[PDB]
Structures are given as structure tokens and as C-alpha cells.
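Structure file entry04.txt (compact mmCIF, N, CA and C atoms) is printed below.
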# COMPACT_ATOMS: atom_id res chain seq x y z
N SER A 22 26.09 -112.13 44.90
CA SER A 22 27.28 -111.36 44.51
C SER A 22 27.03 -109.88 44.41
N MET A 23 28.11 -109.11 44.48
CA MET A 23 27.99 -107.72 44.28
C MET A 23 27.62 -107.41 42.83
N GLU A 24 28.09 -108.22 41.86
CA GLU A 24 27.77 -107.98 40.42
C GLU A 24 26.20 -108.12 40.20
N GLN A 25 25.64 -109.17 40.80
CA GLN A 25 24.18 -109.42 40.71
C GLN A 25 23.42 -108.26 41.26
N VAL A 26 23.84 -107.71 42.40
CA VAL A 26 23.24 -106.45 42.94
C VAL A 26 23.31 -105.22 42.01
N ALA A 27 24.48 -105.03 41.40
CA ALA A 27 24.70 -103.89 40.45
C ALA A 27 23.75 -104.01 39.26
N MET A 28 23.64 -105.26 38.77
CA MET A 28 22.74 -105.58 37.64
C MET A 28 21.30 -105.30 38.05
N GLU A 29 20.95 -105.72 39.26
CA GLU A 29 19.61 -105.45 39.77
C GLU A 29 19.33 -103.98 39.97
N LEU A 30 20.34 -103.20 40.36
CA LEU A 30 20.18 -101.75 40.45
C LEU A 30 19.90 -101.09 39.06
N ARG A 31 20.64 -101.52 38.04
CA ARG A 31 20.47 -101.13 36.60
C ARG A 31 19.02 -101.45 36.17
N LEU A 32 18.56 -102.66 36.45
CA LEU A 32 17.15 -103.07 36.11
C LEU A 32 16.12 -102.20 36.83
N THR A 33 16.36 -101.89 38.10
CA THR A 33 15.49 -101.01 38.83
C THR A 33 15.45 -99.64 38.26
N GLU A 34 16.61 -99.12 37.90
CA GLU A 34 16.64 -97.79 37.32
C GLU A 34 15.97 -97.78 35.89
N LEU A 35 16.17 -98.83 35.13
CA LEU A 35 15.44 -98.93 33.81
C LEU A 35 13.93 -98.92 34.05
N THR A 36 13.50 -99.71 35.07
CA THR A 36 12.10 -99.78 35.47
C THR A 36 11.56 -98.41 35.81
N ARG A 37 12.35 -97.60 36.55
CA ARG A 37 12.00 -96.21 36.85
C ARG A 37 11.79 -95.40 35.59
N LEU A 38 12.70 -95.53 34.64
CA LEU A 38 12.62 -94.71 33.42
C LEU A 38 11.41 -95.18 32.56
N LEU A 39 11.27 -96.48 32.40
CA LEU A 39 10.11 -97.06 31.67
C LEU A 39 8.77 -96.73 32.31
N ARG A 40 8.71 -96.62 33.64
CA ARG A 40 7.47 -96.16 34.28
C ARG A 40 7.11 -94.75 33.86
N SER A 41 8.09 -93.85 33.79
CA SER A 41 7.87 -92.50 33.34
C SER A 41 7.47 -92.47 31.81
N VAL A 42 8.19 -93.26 31.00
CA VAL A 42 7.80 -93.43 29.58
C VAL A 42 6.34 -93.93 29.47
N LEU A 43 5.95 -94.92 30.27
CA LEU A 43 4.61 -95.49 30.18
C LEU A 43 3.58 -94.42 30.51
N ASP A 44 3.90 -93.58 31.52
CA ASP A 44 2.96 -92.52 31.89
C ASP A 44 2.79 -91.52 30.83
N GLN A 45 3.88 -91.15 30.18
CA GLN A 45 3.83 -90.20 29.12
C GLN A 45 3.07 -90.76 27.91
N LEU A 46 3.29 -92.02 27.58
CA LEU A 46 2.55 -92.61 26.40
C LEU A 46 1.07 -92.71 26.70
N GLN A 47 0.73 -93.11 27.91
CA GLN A 47 -0.64 -93.27 28.25
C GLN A 47 -1.41 -91.92 28.30
N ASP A 48 -0.70 -90.84 28.57
CA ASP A 48 -1.34 -89.52 28.44
C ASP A 48 -1.74 -89.15 27.03
N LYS A 49 -1.11 -89.75 26.02
CA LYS A 49 -1.48 -89.59 24.64
C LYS A 49 -2.70 -90.39 24.22
N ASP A 50 -3.36 -90.99 25.20
CA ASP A 50 -4.59 -91.81 25.01
C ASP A 50 -5.61 -91.30 25.98
N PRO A 51 -6.04 -90.03 25.79
CA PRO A 51 -6.93 -89.51 26.86
C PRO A 51 -8.32 -90.15 26.85
N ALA A 52 -8.71 -90.75 25.72
CA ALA A 52 -9.97 -91.48 25.68
C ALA A 52 -9.93 -92.82 26.43
N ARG A 53 -8.73 -93.25 26.87
CA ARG A 53 -8.58 -94.55 27.53
C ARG A 53 -8.97 -95.79 26.71
N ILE A 54 -8.80 -95.67 25.40
CA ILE A 54 -9.12 -96.76 24.46
C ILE A 54 -8.20 -97.95 24.68
N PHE A 55 -6.99 -97.64 25.12
CA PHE A 55 -5.92 -98.70 25.23
C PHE A 55 -5.58 -99.05 26.68
N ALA A 56 -6.36 -98.57 27.61
CA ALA A 56 -6.13 -98.75 29.00
C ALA A 56 -6.22 -100.14 29.55
N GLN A 57 -7.14 -100.95 29.00
CA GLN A 57 -7.43 -102.26 29.52
C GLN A 57 -7.46 -103.34 28.39
N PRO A 58 -7.35 -104.63 28.72
CA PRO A 58 -7.52 -105.66 27.66
C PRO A 58 -8.81 -105.59 26.97
N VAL A 59 -8.82 -105.78 25.67
CA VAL A 59 -10.08 -106.03 24.96
C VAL A 59 -10.84 -107.17 25.66
N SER A 60 -12.10 -106.88 26.02
CA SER A 60 -12.96 -107.86 26.71
C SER A 60 -13.45 -109.05 25.80
N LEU A 61 -13.15 -110.30 26.16
CA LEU A 61 -13.53 -111.42 25.38
C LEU A 61 -14.96 -111.72 25.65
N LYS A 62 -15.53 -111.18 26.74
CA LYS A 62 -17.01 -111.27 26.87
C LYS A 62 -17.69 -110.43 25.82
N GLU A 63 -17.24 -109.19 25.64
CA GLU A 63 -17.75 -108.23 24.64
C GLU A 63 -17.28 -108.36 23.13
N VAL A 64 -16.09 -108.92 22.93
CA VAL A 64 -15.57 -109.22 21.59
C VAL A 64 -15.15 -110.70 21.57
N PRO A 65 -16.17 -111.62 21.53
CA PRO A 65 -15.85 -113.02 21.72
C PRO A 65 -14.95 -113.66 20.67
N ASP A 66 -14.93 -113.10 19.46
CA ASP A 66 -14.06 -113.63 18.37
C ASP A 66 -12.62 -113.04 18.43
N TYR A 67 -12.30 -112.22 19.44
CA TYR A 67 -11.08 -111.38 19.30
C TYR A 67 -9.81 -112.22 19.01
N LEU A 68 -9.64 -113.31 19.73
CA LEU A 68 -8.43 -114.12 19.63
C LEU A 68 -8.34 -114.91 18.33
N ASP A 69 -9.44 -114.97 17.54
CA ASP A 69 -9.38 -115.50 16.22
C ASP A 69 -8.64 -114.53 15.29
N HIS A 70 -8.68 -113.24 15.64
CA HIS A 70 -8.11 -112.15 14.84
C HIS A 70 -6.71 -111.80 15.36
N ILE A 71 -6.56 -111.61 16.63
CA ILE A 71 -5.38 -111.03 17.28
C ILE A 71 -4.73 -112.12 18.17
N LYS A 72 -3.53 -112.49 17.77
CA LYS A 72 -2.87 -113.58 18.49
C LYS A 72 -2.13 -113.20 19.74
N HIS A 73 -1.70 -111.92 19.85
CA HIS A 73 -1.00 -111.47 21.00
C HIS A 73 -1.63 -110.09 21.45
N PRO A 74 -2.73 -110.19 22.19
CA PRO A 74 -3.38 -108.96 22.69
C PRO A 74 -2.45 -108.19 23.65
N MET A 75 -2.61 -106.85 23.69
CA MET A 75 -1.80 -106.09 24.61
C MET A 75 -2.60 -104.82 24.98
N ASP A 76 -2.25 -104.25 26.10
CA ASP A 76 -2.92 -103.01 26.59
C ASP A 76 -2.05 -102.38 27.70
N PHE A 77 -2.36 -101.15 28.10
CA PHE A 77 -1.49 -100.49 29.04
C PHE A 77 -1.50 -101.12 30.45
N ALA A 78 -2.62 -101.68 30.91
CA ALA A 78 -2.63 -102.33 32.21
C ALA A 78 -1.75 -103.58 32.28
N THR A 79 -1.75 -104.34 31.19
CA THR A 79 -0.95 -105.56 31.10
C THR A 79 0.52 -105.12 31.09
N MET A 80 0.84 -104.03 30.38
CA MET A 80 2.24 -103.58 30.36
C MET A 80 2.70 -103.15 31.76
N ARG A 81 1.80 -102.48 32.45
CA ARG A 81 2.12 -101.99 33.79
C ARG A 81 2.36 -103.15 34.76
N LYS A 82 1.58 -104.22 34.68
CA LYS A 82 1.84 -105.43 35.48
C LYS A 82 3.25 -105.98 35.22
N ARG A 83 3.59 -106.13 33.95
CA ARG A 83 4.94 -106.61 33.59
C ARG A 83 6.01 -105.64 34.10
N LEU A 84 5.80 -104.38 33.92
CA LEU A 84 6.77 -103.38 34.34
C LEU A 84 7.06 -103.51 35.84
N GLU A 85 6.01 -103.62 36.63
CA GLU A 85 6.15 -103.63 38.10
C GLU A 85 6.75 -104.92 38.65
N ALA A 86 6.71 -106.00 37.89
CA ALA A 86 7.46 -107.17 38.18
C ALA A 86 8.90 -107.07 37.62
N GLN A 87 9.33 -105.85 37.23
CA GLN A 87 10.61 -105.70 36.48
C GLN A 87 10.81 -106.69 35.35
N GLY A 88 9.75 -106.89 34.53
CA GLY A 88 9.78 -107.85 33.51
C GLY A 88 10.23 -107.32 32.13
N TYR A 89 10.59 -106.03 32.04
CA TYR A 89 11.23 -105.52 30.82
C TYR A 89 12.78 -105.43 31.03
N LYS A 90 13.50 -106.24 30.29
CA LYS A 90 15.01 -106.26 30.45
C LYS A 90 15.69 -105.10 29.76
N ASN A 91 15.05 -104.55 28.72
CA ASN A 91 15.62 -103.49 27.89
C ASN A 91 14.45 -102.69 27.26
N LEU A 92 14.75 -101.56 26.66
CA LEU A 92 13.72 -100.73 25.98
C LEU A 92 13.07 -101.44 24.80
N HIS A 93 13.82 -102.24 24.07
CA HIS A 93 13.28 -102.97 22.89
C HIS A 93 12.05 -103.81 23.31
N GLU A 94 12.17 -104.54 24.41
CA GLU A 94 11.04 -105.35 24.96
C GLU A 94 9.75 -104.51 25.22
N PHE A 95 9.94 -103.36 25.83
CA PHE A 95 8.88 -102.46 26.20
C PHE A 95 8.28 -101.90 24.90
N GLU A 96 9.12 -101.45 24.00
CA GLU A 96 8.60 -100.99 22.67
C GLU A 96 7.82 -102.05 21.89
N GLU A 97 8.25 -103.31 21.98
CA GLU A 97 7.53 -104.41 21.34
C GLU A 97 6.06 -104.45 21.80
N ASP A 98 5.87 -104.32 23.11
CA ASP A 98 4.53 -104.39 23.74
C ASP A 98 3.75 -103.14 23.30
N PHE A 99 4.40 -101.95 23.30
CA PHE A 99 3.65 -100.74 22.86
C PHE A 99 3.21 -100.86 21.39
N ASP A 100 4.08 -101.38 20.56
CA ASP A 100 3.75 -101.51 19.15
C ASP A 100 2.60 -102.54 18.98
N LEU A 101 2.52 -103.58 19.82
CA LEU A 101 1.40 -104.52 19.80
C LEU A 101 0.07 -103.83 20.05
N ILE A 102 0.06 -102.92 21.01
CA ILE A 102 -1.17 -102.17 21.29
C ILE A 102 -1.68 -101.53 20.01
N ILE A 103 -0.78 -100.79 19.33
CA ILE A 103 -1.11 -100.01 18.14
C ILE A 103 -1.47 -100.93 16.97
N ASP A 104 -0.55 -101.88 16.71
CA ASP A 104 -0.70 -102.72 15.52
C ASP A 104 -1.95 -103.61 15.62
N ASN A 105 -2.27 -104.12 16.78
CA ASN A 105 -3.45 -105.01 17.01
C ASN A 105 -4.72 -104.17 16.64
N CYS A 106 -4.75 -102.93 17.15
CA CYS A 106 -5.92 -102.08 16.90
C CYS A 106 -6.09 -101.73 15.45
N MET A 107 -4.99 -101.42 14.75
CA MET A 107 -5.03 -101.04 13.35
C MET A 107 -5.40 -102.22 12.42
N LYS A 108 -5.25 -103.46 12.91
CA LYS A 108 -5.71 -104.61 12.15
C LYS A 108 -7.20 -104.92 12.43
N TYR A 109 -7.58 -104.97 13.69
CA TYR A 109 -8.95 -105.35 14.05
C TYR A 109 -9.97 -104.32 13.63
N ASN A 110 -9.57 -103.05 13.73
CA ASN A 110 -10.51 -101.98 13.42
C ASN A 110 -10.27 -101.36 12.08
N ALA A 111 -11.29 -100.92 11.38
CA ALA A 111 -11.13 -100.28 10.07
C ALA A 111 -10.64 -98.88 10.18
N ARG A 112 -10.04 -98.39 9.11
CA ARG A 112 -9.54 -97.01 9.02
C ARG A 112 -10.47 -95.89 9.43
N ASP A 113 -11.77 -96.04 9.18
CA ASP A 113 -12.74 -95.00 9.45
C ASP A 113 -13.29 -94.99 10.92
N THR A 114 -12.65 -95.70 11.82
CA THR A 114 -13.17 -95.86 13.16
C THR A 114 -12.42 -95.02 14.15
N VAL A 115 -13.10 -94.66 15.26
CA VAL A 115 -12.45 -93.92 16.31
C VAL A 115 -11.29 -94.70 16.93
N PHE A 116 -11.43 -96.05 16.94
CA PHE A 116 -10.36 -96.88 17.49
C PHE A 116 -9.10 -96.82 16.65
N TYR A 117 -9.24 -97.02 15.33
CA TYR A 117 -8.05 -96.94 14.44
C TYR A 117 -7.37 -95.61 14.58
N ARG A 118 -8.22 -94.58 14.52
CA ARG A 118 -7.68 -93.21 14.51
C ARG A 118 -6.95 -92.89 15.82
N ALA A 119 -7.46 -93.44 16.90
CA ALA A 119 -6.82 -93.27 18.22
C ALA A 119 -5.43 -93.89 18.22
N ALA A 120 -5.35 -95.07 17.63
CA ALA A 120 -4.07 -95.74 17.50
C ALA A 120 -3.05 -94.96 16.67
N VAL A 121 -3.50 -94.38 15.55
CA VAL A 121 -2.60 -93.61 14.75
C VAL A 121 -2.03 -92.43 15.57
N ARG A 122 -2.91 -91.71 16.25
CA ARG A 122 -2.50 -90.56 17.03
C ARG A 122 -1.53 -90.93 18.17
N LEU A 123 -1.81 -92.06 18.82
CA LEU A 123 -0.91 -92.64 19.85
C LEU A 123 0.44 -93.00 19.31
N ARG A 124 0.51 -93.66 18.15
CA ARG A 124 1.76 -93.98 17.49
C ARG A 124 2.57 -92.68 17.18
N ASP A 125 1.91 -91.70 16.59
CA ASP A 125 2.60 -90.49 16.16
C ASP A 125 3.15 -89.70 17.33
N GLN A 126 2.32 -89.56 18.36
CA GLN A 126 2.71 -88.83 19.56
C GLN A 126 3.70 -89.58 20.41
N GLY A 127 3.56 -90.89 20.50
CA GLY A 127 4.48 -91.71 21.29
C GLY A 127 5.88 -91.75 20.71
N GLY A 128 5.98 -91.58 19.39
CA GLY A 128 7.28 -91.61 18.67
C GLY A 128 8.28 -90.67 19.29
N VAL A 129 7.80 -89.48 19.63
CA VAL A 129 8.61 -88.38 20.17
C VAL A 129 9.22 -88.81 21.52
N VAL A 130 8.39 -89.46 22.34
CA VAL A 130 8.69 -89.82 23.73
C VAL A 130 9.71 -90.94 23.64
N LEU A 131 9.43 -91.88 22.76
CA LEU A 131 10.31 -93.03 22.60
C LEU A 131 11.68 -92.71 22.00
N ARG A 132 11.73 -91.72 21.12
CA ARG A 132 13.00 -91.27 20.55
C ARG A 132 13.96 -90.76 21.65
N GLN A 133 13.44 -89.96 22.60
CA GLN A 133 14.29 -89.44 23.67
C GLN A 133 14.57 -90.51 24.74
N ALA A 134 13.62 -91.43 24.94
CA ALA A 134 13.85 -92.52 25.85
C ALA A 134 15.03 -93.35 25.41
N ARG A 135 15.14 -93.62 24.12
CA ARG A 135 16.27 -94.38 23.60
C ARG A 135 17.60 -93.68 23.87
N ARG A 136 17.64 -92.38 23.66
CA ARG A 136 18.86 -91.62 23.93
C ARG A 136 19.23 -91.75 25.42
N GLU A 137 18.23 -91.62 26.31
CA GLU A 137 18.43 -91.71 27.77
C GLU A 137 18.91 -93.08 28.25
N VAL A 138 18.32 -94.13 27.70
CA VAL A 138 18.73 -95.47 28.04
C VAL A 138 20.18 -95.74 27.64
N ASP A 139 20.57 -95.34 26.44
CA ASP A 139 21.98 -95.40 25.96
C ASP A 139 22.91 -94.45 26.75
N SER A 140 22.48 -93.19 26.91
CA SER A 140 23.23 -92.19 27.68
C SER A 140 23.57 -92.68 29.11
N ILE A 141 22.56 -92.90 29.97
CA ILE A 141 22.78 -93.46 31.34
C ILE A 141 23.28 -94.92 31.34
N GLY A 142 23.17 -95.63 30.22
CA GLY A 142 23.61 -97.04 30.10
C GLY A 142 22.58 -97.95 30.74

Whole structure, C-alpha cells version:
Amino acid sequence: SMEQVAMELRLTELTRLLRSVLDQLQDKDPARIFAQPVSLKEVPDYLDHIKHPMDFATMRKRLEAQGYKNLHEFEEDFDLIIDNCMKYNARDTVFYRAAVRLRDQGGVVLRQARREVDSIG
């Protein structure tokens, strides 16, 4: 149907905007701490601690399959990155601190993304 096509065009355009959001958030992680999944070879107990691991590469795979239906879904995954790190790692660690800085800096990007998603519909 033509309606299904219009809907697919909307999803494609959301995907475009979320790709730009993802790039901007990932620039706030210049150490690349959140770039890849935590390695279960190197942190073998990880899944005993963290039930839903997340990282920027996993988000990018989902994004490119157009697997985010709305901004809320994408924000859920970004918050997992931050929240998982702040639980597994202690306050005095470079990992925790990286997460805090990512959360604070990403807030700005996400605030305007929400306006844009609502604005363009």
C-alpha cells in the first residue's frame, strides 16, 4: 500500500536523524570506553552482574536494520550503556567517570533530538 510506503519513509527519516544523534553521542566518548560490548572472555562474570549489556556498536547494528521505531527506544539503549557502567564500576574509576560525562553531555543532544522528532513528526 501507499500508506505502508509513507510509514516506511517516516522510519527511514527517523533512522537518518538517529544516525546523526548516535554520531554526536559517540563523540562524547573519545576514549572509546563504550564503543564495543564488554568482552565475556575478559570479564567472565559480567552477565551475573548486568542483565542487558549494551554498547554503541550493538546500537548501530539495530539502527541500520531500522530497528528503532521511535526516539524512546533509542534512548532506552543509550541509558543502558550508562546505567550498566555505573553499576558494574565503582565511583572512583575511569569507567564510571566516563559514563557520567557521557550522560551529562549526551543530555544536550537528546533534548534537541526530541524537539526535532516532534517538530518533523

In the coordinates of the file, take the point (-3.6, -99.2, 29.2) and a cut-off of 7 Å; then, counting all atoms listed in the file, name each qualifying protein, DNA or RNA residue as a ChimeraX atom specification.
/A:47,53-58,76-80

If you count only C-alpha atoms, the residue of A:84, A:117, A:106, A:142 closest to residue A:39 turns out to be A:84

Would you please give, as JSON, numbers by chain, all residues of chain A that DSSP assigns to helix (DSSP H, G or I) based on the backbone?
{"A": [23, 24, 25, 26, 27, 28, 29, 30, 31, 32, 33, 34, 35, 36, 37, 38, 39, 40, 41, 42, 43, 44, 45, 46, 47, 48, 67, 68, 69, 70, 77, 78, 79, 80, 81, 82, 83, 84, 85, 92, 93, 94, 95, 96, 97, 98, 99, 100, 101, 102, 103, 104, 105, 106, 107, 108, 109, 115, 116, 117, 118, 119, 120, 121, 122, 123, 124, 125, 126, 127, 128, 129, 130, 131, 132, 133, 134, 135, 136, 137, 138, 139, 140, 141]}

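Interatomic distance, atom N of residue A:36 against atom N of residue A:73: 24.7 Å.
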
Distance of atom CA of residue A:96 from atom CA of residue A:72, expressed in Å to one decimal place:
17.5 Å

Using only N, CA and C atoms, which protein or nucleic acid residues come within 8 Å of residue A:91? Drop anything in the same chain fewer than 3 positions from it, and give the result as a PDB file with N, CA and C atoms, in the coordinates of the input.
ATOM      1  N   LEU A  32      18.560-102.660  36.450  1.00  0.00           N
ATOM      2  CA  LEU A  32      17.150-103.070  36.110  1.00  0.00           C
ATOM      3  C   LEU A  32      16.120-102.200  36.830  1.00  0.00           C
ATOM      4  N   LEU A  35      16.170 -98.830  35.130  1.00  0.00           N
ATOM      5  CA  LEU A  35      15.440 -98.930  33.810  1.00  0.00           C
ATOM      6  C   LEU A  35      13.930 -98.920  34.050  1.00  0.00           C
ATOM      7  N   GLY A  88       9.750-106.890  34.530  1.00  0.00           N
ATOM      8  CA  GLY A  88       9.780-107.850  33.510  1.00  0.00           C
ATOM      9  C   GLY A  88      10.230-107.320  32.130  1.00  0.00           C
ATOM     10  N   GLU A  94      12.170-104.540  24.410  1.00  0.00           N
ATOM     11  CA  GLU A  94      11.040-105.350  24.960  1.00  0.00           C
ATOM     12  C   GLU A  94       9.750-104.510  25.220  1.00  0.00           C
ATOM     13  N   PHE A  95       9.940-103.360  25.830  1.00  0.00           N
ATOM     14  CA  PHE A  95       8.880-102.460  26.200  1.00  0.00           C
ATOM     15  C   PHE A  95       8.280-101.900  24.900  1.00  0.00           C
ATOM     16  N   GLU A  96       9.120-101.450  24.000  1.00  0.00           N
ATOM     17  CA  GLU A  96       8.600-100.990  22.670  1.00  0.00           C
ATOM     18  C   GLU A  96       7.820-102.050  21.890  1.00  0.00           C
TER      19      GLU A  96
END

Rounded to one decimal, what separation in Å do you get between atom N of residue A:75 and atom C of residue A:98?
7.4 Å

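Using only N, CA and C atoms, the nearest neighbour of residue A:105 within the list A:71, A:38, A:23, A:61 is A:71.
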
Fewer than 5 positions away in the same chain doesn't count, so skip those; otherwise give me all residues within 12 Å of residue A:110, counting only C-alpha atoms, as a PDB file with N, CA and C atoms, in the frame of the given file.
ATOM      1  N   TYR A  67     -12.300-112.220  19.440  1.00  0.00           N
ATOM      2  CA  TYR A  67     -11.080-111.380  19.300  1.00  0.00           C
ATOM      3  C   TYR A  67      -9.810-112.220  19.010  1.00  0.00           C
ATOM      4  N   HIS A  70      -8.680-113.240  15.640  1.00  0.00           N
ATOM      5  CA  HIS A  70      -8.110-112.150  14.840  1.00  0.00           C
ATOM      6  C   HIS A  70      -6.710-111.800  15.360  1.00  0.00           C
ATOM      7  N   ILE A  71      -6.560-111.610  16.630  1.00  0.00           N
ATOM      8  CA  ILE A  71      -5.380-111.030  17.280  1.00  0.00           C
ATOM      9  C   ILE A  71      -4.730-112.120  18.170  1.00  0.00           C
ATOM     10  N   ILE A 103      -0.780-100.790  19.330  1.00  0.00           N
ATOM     11  CA  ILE A 103      -1.110-100.010  18.140  1.00  0.00           C
ATOM     12  C   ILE A 103      -1.470-100.930  16.970  1.00  0.00           C
ATOM     13  N   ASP A 104      -0.550-101.880  16.710  1.00  0.00           N
ATOM     14  CA  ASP A 104      -0.700-102.720  15.520  1.00  0.00           C
ATOM     15  C   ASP A 104      -1.950-103.610  15.620  1.00  0.00           C
ATOM     16  N   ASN A 105      -2.270-104.120  16.780  1.00  0.00           N
ATOM     17  CA  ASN A 105      -3.450-105.010  17.010  1.00  0.00           C
ATOM     18  C   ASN A 105      -4.720-104.170  16.640  1.00  0.00           C
ATOM     19  N   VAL A 115     -13.100 -94.660  15.260  1.00  0.00           N
ATOM     20  CA  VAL A 115     -12.450 -93.920  16.310  1.00  0.00           C
ATOM     21  C   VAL A 115     -11.290 -94.700  16.930  1.00  0.00           C
ATOM     22  N   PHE A 116     -11.430 -96.050  16.940  1.00  0.00           N
ATOM     23  CA  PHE A 116     -10.360 -96.880  17.490  1.00  0.00           C
ATOM     24  C   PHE A 116      -9.100 -96.820  16.650  1.00  0.00           C
ATOM     25  N   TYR A 117      -9.240 -97.020  15.330  1.00  0.00           N
ATOM     26  CA  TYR A 117      -8.050 -96.940  14.440  1.00  0.00           C
ATOM     27  C   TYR A 117      -7.370 -95.610  14.580  1.00  0.00           C
ATOM     28  N   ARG A 118      -8.220 -94.580  14.520  1.00  0.00           N
ATOM     29  CA  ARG A 118      -7.680 -93.210  14.510  1.00  0.00           C
ATOM     30  C   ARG A 118      -6.950 -92.890  15.820  1.00  0.00           C
ATOM     31  N   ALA A 119      -7.460 -93.440  16.900  1.00  0.00           N
ATOM     32  CA  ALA A 119      -6.820 -93.270  18.220  1.00  0.00           C
ATOM     33  C   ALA A 119      -5.430 -93.890  18.220  1.00  0.00           C
ATOM     34  N   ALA A 120      -5.350 -95.070  17.630  1.00  0.00           N
ATOM     35  CA  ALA A 120      -4.070 -95.740  17.500  1.00  0.00           C
ATOM     36  C   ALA A 120      -3.050 -94.960  16.670  1.00  0.00           C
ATOM     37  N   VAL A 121      -3.500 -94.380  15.550  1.00  0.00           N
ATOM     38  CA  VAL A 121      -2.600 -93.610  14.750  1.00  0.00           C
ATOM     39  C   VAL A 121      -2.030 -92.430  15.570  1.00  0.00           C
TER      40      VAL A 121
END
